[PDB]
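Protein chains in written order, with this note's numbering: chain Z, 22 to 120; chain X, 829 to 925.
Worksheet for the structure shown next.
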């Protein structure tokens with residue numbers, strides 16, 4: 022699923038026009054990204070937690086020379102899948118049914 | 829930021845009712861989860877890629893008993909942060925102003 026298709030899907034669920042669904046996706050993404058960039062975590066309960074992490078000084082291998090090099094700490098985004106996302110994908114919980 | 833706060837911010841950006849922003853968040857979530865569930869990946873370009881992976885043959889120590897067991901294989905969700913999401917968080921690229 023590419024982003025346009027995500028938007029087509031969301032359009033039918035929301036009963037919006039496509040521009041609205043596009044705005045929603047882009048602005049969900051942007052809200053998340055700006056929070057994390059501030060060092061805040063974002064918990065979308067059930068789905069997962071987006072956060073910023075600070076990778077300590079560590080080792081990596083320099084592709085162009087093959088030498089191991091010690092690279093500097095780096096702040097990185099991460100997502101921890103929440104229990105319900107995991108439960109569903111692992112087969113331990115069924116997806117929501119019409120109700 | 830909690831989910832309700834994400835919804836409040838989205839309500840404000842979209843100029844919608846809160847109920848609509850709530851639908852937006854929950855149905856974005858459901859669309860992603862369900863695609864990963866059927867084994868497909870969802871690429872939200874810039875942001876990242878949600879995917880399903882198969883963990884096979886992993887060991888673990890049952891911290892109840894202390895004994896090392898092989899854990900039976902499981903399919904798991906994952907998210908790979910996108911190039912641009914990393915570039916903002918790392919400080920490489922500035923956010924749009």
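Ideal placement from N, C-alpha and C gives every residue a C-beta, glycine not left out.
Query	Result
Meets three-Cβ-pair contact criterion under 8 Å: the stretch 38-58 of chain Z and the stretch 850-865 of chain X	yes
Minimum Cβ-Cβ distance from residue 38 (chain Z) to chain X less than 9 Å	no
Segment limits, alpha helix (DSSP H) that includes residue 914 (chain X)	911-918
Sub-9 Å separation of residue 864 (chain X) and residue 110 (chain Z) beta-carbons	yes
Collapsed DSSP secondary structure at residue 896 (chain X) in the structure displayed	strand
Closer than 8 Å at the beta carbon, the chain Z residues around residue 902 (chain X)	111
Helix, strand or coil at residue 873 (chain X) according to DSSP, with G and I counted as helix	coil
Status (buried if at least 16 other CB within 10 Å, exposed otherwise) for residue 901 (chain X)	exposed
Delimiting residues of the alpha helix (DSSP H) encompassing residue 851 (chain X)	846-865
Residue 884 (chain X) in three-state terms, based on DSSP	coil
Interface flag, residue 899 (chain X) vs chain Z, CB-CB below 9 Å	no
Endpoints, the alpha helix (DSSP H) within which residue 840 (chain X) is located	831-842
Residues, ordered as in the chain, of the stretch 69-89 of chain Z that lie near chain X by beta-carbon distance below 7 Å	73
Interface partners of residue 863 (chain X) on chain Z, CB under 7 Å	22
Cβ-Cβ distance between residue 906 (chain X) and residue 914 (chain X) below 9 Å	no
Selected residue, minimal CA-CA separation from residue 833 (chain X), among Z:65, Z:31, Z:54 and Z:41	Z:65
Same chain, Cβ closer than 6 Å to residue 909 (chain X), neighbours up to 5 away in sequence not counted	876
Residue closest to residue 886 (chain X), alpha-carbon to alpha-carbon, out of X:880, X:879, X:878 and X:896	X:896
Helix, strand or coil at residue 891 (chain X) according to DSSP, with G and I counted as helix	coil
Sequence-distant residues of its chain with Cβ nearer than 6 Å to residue 878 (chain X) (five each side left out)	860, 864, 870 and 907
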